[PDB]
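Following: one structure in C-alpha cells, then a few remarks.
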Amino acid sequence: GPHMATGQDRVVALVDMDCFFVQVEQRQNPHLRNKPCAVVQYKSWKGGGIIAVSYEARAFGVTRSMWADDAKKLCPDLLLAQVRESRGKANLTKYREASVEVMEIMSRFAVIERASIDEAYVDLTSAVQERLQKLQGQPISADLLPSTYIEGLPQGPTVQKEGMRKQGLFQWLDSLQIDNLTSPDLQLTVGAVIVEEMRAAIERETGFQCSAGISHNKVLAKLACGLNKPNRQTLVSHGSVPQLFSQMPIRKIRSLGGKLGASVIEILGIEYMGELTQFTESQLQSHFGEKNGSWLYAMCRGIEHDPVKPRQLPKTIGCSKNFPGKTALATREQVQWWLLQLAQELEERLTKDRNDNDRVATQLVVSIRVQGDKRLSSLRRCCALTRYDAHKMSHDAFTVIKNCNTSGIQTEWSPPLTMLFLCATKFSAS
DNA sequence: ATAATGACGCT
DNA sequence: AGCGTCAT
Ligand SMILES: Cc1cn([C@H]2C[C@H](O)[C@@H](COP(=O)(O)NP(=O)(O)OP(=O)(O)O)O2)c(=O)[nH]c1=O
Ligand SMILES: [Mg+2]
Ligand SMILES: [Mg+2]
C-alpha cells in the first residue's frame, strides 16, 4: 500500500501560446485584433491553406488544414494574414523570432524544454521549494490564482463560468495543507502561482496570451493545458486522475494519438485511459512491447517519468517544400533551382544561428519524395556540412540524390519530385 | 492539392 | 545510417 510509487515527486508545467501565429499577426496589425482571423500560406490554390485560427473564427467552424475559400463559406467576415514568402517558399521567421521572445521570458523563472515553436515544458520543482520557504507557512490566496482552474472541482452539495471557476478554486484551497512543504497538492498549487506570474510577464512583455497546465509530469501538464484554453491555466492533481481518465479517450494522451493508441483501443477492446488499470504490466508488455507496456502501466495511473530536458534551442535546422500535383519537379534545371533556393534560406538561418547561439552544424541531411511513392519520404542521405554556403550545400545535395534520377535522358528528372528537404544537424560549440 | 517543420524510436 | 512515428 505505502509501497506503490505514486509519481508526485515533480512539478511540471506546459505553457502553450493561444493561436500563436494569429496572435503574432494581430500584434503587428491591430485591425485583426478581437475578430475572426486565420493565418494562411499560399493564396493560389483555393485561397490558401489555413494553419492558425483565432478563437472567434473557431466559433464559426474554421479549422487548420482548411482551404481559405472553404473557410469563407462558414465565416464570410473572416480576416486573413498570409505567411511571408521568400525564394518561392513559405518562410516562418517572424514566428520563430516571436517564439524566442516568449521562451526567453519563460527561461527567467525556470529551465524550459522547447517542445514546438509555441510551447515549452517547465520543471518548477526547485522554484516551488523556494517560494514555499519564502511563504513561512501562510495560506495561499485566490487572488494569487486569478485564471486558474482546478480539474474535477467543484463537486458536491453559480451557473456562469467565472463563478464556477472560483467555487472549485475555493474548494481546492479550503482543503489545502499549507504547513506541509512536501504535500504534493500544495506543491502543485504553488507551481500554478508561479505560472500565473510567468504568464503575466509573457503578456506584459510581448502582448501574447497563453494557456498552461500544471501537474506532476509532461503528459498531464499538456493534457491539463487544453482543458481551459484560451487565456487560462489548469491544475491537474494526482487525485483527479481517475475521474478524468475514466472518460478520457486514449487518443488524447500525447503519443497515443496514432497507430499505437489505435491498437490499444483495438487489441484491448477499450476506449478510455482508465480501463488500462485492469491490465497487469506483463500483460501490456506482451501486447505492446517492453517500454510501451511499462509506460502504459504507469501512465493510466497518472505516473510518467520523462524529464524536462534543459533544451531551449532546436537540434536541427531544416527547410522543405512540397511540389504537389503537376508542380512536381521534372527537369534537372528545376531540381537544382529549388535546391538552391532552399539552401539559401538554410544558409541565412545557419549564419543567424551561429552568431546567436555560438555553434556550428556539421552534417547536411538531404531528403526527397518522388511522385507515386506512397511514403512521405522516399530517401534521406547525410553528407558532410563544412561551409555555410548555399551553392556548395545545394551542389552537395544534388550529387547525394542525382542517382535517384531514373530518366533515360540527361536533362529530365523522372519520376517527378514531390518534396525536397534540406536539414542541418549535428551541432558543435563555436 | 495541407504544408512546414522538429523530436525521438527501431534496426 | 536510413527509415518511421507522432507531434504542432
Ligand atoms: C498544429 C499545427 C500548428 N502549426 C503552427 C501555427 C500554430 O499556431 C503554431 C502553434 O501550434 P498549436 O499550439 O498546436 N496551435 P495554436 O497555438 O494556433 O492554437 P491553440 O491556442 O494552442 O489551441 O502551430 C502548424 O504550422 N502546423 C500544425 O500542424
Ligand atoms: Mg498554441
Ligand atoms: Mg502547441
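All values below come from the heavy atoms of this structure, side chains included, with hydrogens, waters and symmetry mates left out. Throughout, a chain's letter reflects where its sequence line sits, starting with A, and its residues are numbered from 1.
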Nearest whole angstrom, please: distance from the [atom2] of [N] to the [atom1] of [X].
X        : N     : atom1 : atom2 : value
A/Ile51  : C/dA7 : CD1   : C1'   : 15 Å
A/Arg381 : C/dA1 : CZ    : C1'   : 10 Å
A/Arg369 : C/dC3 : CZ    : P     : 14 Å
A/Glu113 : C/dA7 : CD    : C1'   : 13 Å
A/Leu223 : C/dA7 : CG    : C1'   : 15 Å
A/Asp306 : C/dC6 : CG    : P     : 16 Å
A/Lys218 : C/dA7 : NZ    : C1'   : 12 Å
A/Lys229 : C/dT8 : NZ    : P     : 11 Å

So what does [X] touch, heavy atoms closer than 4.0 Å: a base, only the sugar-phosphate, or nothing?
X        : result
A/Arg96  : sugar-phosphate
A/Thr63  : nothing
A/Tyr42  : sugar-phosphate
A/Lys46  : nothing
A/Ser65  : base
A/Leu256 : sugar-phosphate
A/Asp118 : sugar-phosphate
A/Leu376 : nothing
A/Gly325 : base
A/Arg64  : base

Salt bridge or not for [X] and [Y], using N-O below 4.0 Å?
X        : Y        : answer
A/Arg165 : A/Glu162 : yes
A/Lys46  : A/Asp70  : no
A/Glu197 : A/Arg204 : no

Have A/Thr331 and A/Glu333 got a donor and an acceptor in their side chains that come within less than 3.5 Å?
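Per modelled atom types, A/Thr331 and A/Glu333 side chains form no pair under 3.5 Å.
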
Side chains of A/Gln285 and A/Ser294: is there a donor and an acceptor less than 3.5 Å apart?
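Per modelled atom types, A/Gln285 and A/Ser294 side chains form a pair under 3.5 Å.
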
List in chain and number order the residues that pass salt bridge (charged side-chain N to carboxylate O under 4.0 Å, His left out) with A/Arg108, two or more places apart in sequence or in another chain; answer none if no residue qualifies.
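Testing A/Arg108 for salt bridge (charged side-chain N to carboxylate O under 4.0 Å, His left out), a comparison that skips the adjacent residues, returns A/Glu205.
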
Write down the distance separating the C1' atoms in C/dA7 and B/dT2, rounded off to the nearest Å.
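It works out to 15 Å between them.
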
Let me spell it out: for each of A/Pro314 and A/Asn292, pick the nucleotide of DNA chain B with the closest heavy atom. Which residue's pick is nearer the 5' end?
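Residue closer to the 5' terminus by nearest nucleotide: A/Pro314.
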
On DNA chain B, nearest-nucleotide positions of A/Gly49 versus A/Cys423: which is more 5'?
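Whichever sits nearer the 5' end wins; that is A/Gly49.
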
Determine: side-chain N/O of A/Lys222 to OP1/OP2 of C/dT8, distance under 4.0 Å, yes or no.
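Yes.
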
Among all residues two or more places apart in sequence or in another chain, which pass the ring pair (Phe, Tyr, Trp, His ring centres under 6.0 Å) test with A/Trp172?
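Expected list: none.
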
Terminal contacting nucleotides, 5' and 3', DNA chain B versus chain A (heavy atom, 4.0 Å)
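First-to-last contact on DNA chain B, by the 4.0 Å heavy-atom rule, is B/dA1 to B/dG9.
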
With respect to A/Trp413, which candidate in A/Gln336, A/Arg332, A/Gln334 satisfies the side-chain contact (heavy atoms from CB on, under 4.5 Å) definition?
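Running side-chain contact (heavy atoms from CB on, under 4.5 Å) over A/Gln336, A/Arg332, A/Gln334 with A/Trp413 returns exactly one hit, A/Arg332.
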
